[PDB]
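Asker: as a preliminary step, the opening chains of the complex are given here in situ:
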Amino acid sequence: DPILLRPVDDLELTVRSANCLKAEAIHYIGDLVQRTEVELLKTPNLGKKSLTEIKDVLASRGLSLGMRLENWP
């Protein structure tokens, strides 16, 4: 899926969520959807509203969370 390997900037995140995501060593949207919800919840400064926005925008873009990904990279 070509949309998975795009940079995480294409999601139009806010300053807080994008800075936290870059501080958690993730640079691919496929990596972001690969991680489970609890793993992103445990990371510091990632609360309910930012994760809710991420879930909503991923669902609106056709993606989701916790999808099993093979052959990465």
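Answerer: Cool, the structure landed. Residues are numbered from 1 along each chain as shown, chains lettered A, B, ... in the order given.

Asker: in this structure residue A:10 contacts residue A:29, no?
Answerer: Yes. With contact defined as C-beta atoms under 8 Å, residue A:10 reaches residue A:29; the gap is 7.0 Å. Placement of C-beta: from N, CA and C, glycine included.

Asker: of those two, who's got more company?
Answerer: residue A:29 (21 against 10; other C-beta atoms under 10 Å).

Asker: buried residues in stretch A:9-25, which are they?
Answerer: Neighbour-count burial for stretch A:9-25 flags A:11, A:13, A:17, A:20-21, A:24 (criterion: 16 or more other C-beta atoms under 10 Å).

Asker: which of those residues sit farthest apart?
Answerer: A:11 and A:24 (14.4 Å; C-beta to C-beta).

Asker: let me see the contact set for the most centrally placed residue in chain A.
Answerer: By C-alpha atoms, centre = their mean, the mean C-alpha position of chain A lies nearest to residue A:32, the distance being 3.3 Å. Shown in contact with residue A:32 (C-beta atoms under 8 Å, 6 or more residues apart in numbering): A:8, A:21, A:26, A:54.

Asker: kindly incorporate the sequence below as chain B:
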Amino acid sequence: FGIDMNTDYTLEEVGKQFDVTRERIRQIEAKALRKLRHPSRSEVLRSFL
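Answerer: Once chain B is put in with the chains from before, the structure reads:
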């Protein structure tokens, strides 16, 4: 920028329009410029250069 109207204004001349200070409008404009550089709102614009 004088879009769909007459003469464009400077930072101070639009300060009286909104009562905001000159510096904040320079930052208000700067953030407006910052939003449009992002993808998904700049793909078609890049075809004009």
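
Asker: so is the helix or strand containing the residue nearest to the centre of chain A next to chain B?
Answerer: Assigned by DSSP states H and E, residue A:32 falls within helix A:29-34. No. On the criterion C-beta under 8 Å from any C-beta of the partner chain, helix A:29-34 is out of touch with chain B, staying 12.5 Å away.

Asker: by proximity to chain A, which residue of chain B wins?
Answerer: residue B:39 (5.6 Å; C-beta to the nearest C-beta).

Asker: now that residue, nearest residue through space, not along the chain?
Answerer: residue A:10 (5.6 Å; C-beta to C-beta, 6 or more residues apart in numbering or on different chains).

Asker: in chain A, which residue sits closest to chain B?
Answerer: Closest point on chain A to chain B, by C-beta to the nearest C-beta, is residue A:10, at 5.6 Å.

Asker: list the contacts of that residue.
Answerer: Residues in contact with residue A:10 (C-beta atoms under 8 Å, 6 or more residues apart in numbering or on different chains) are A:29, B:39-40.
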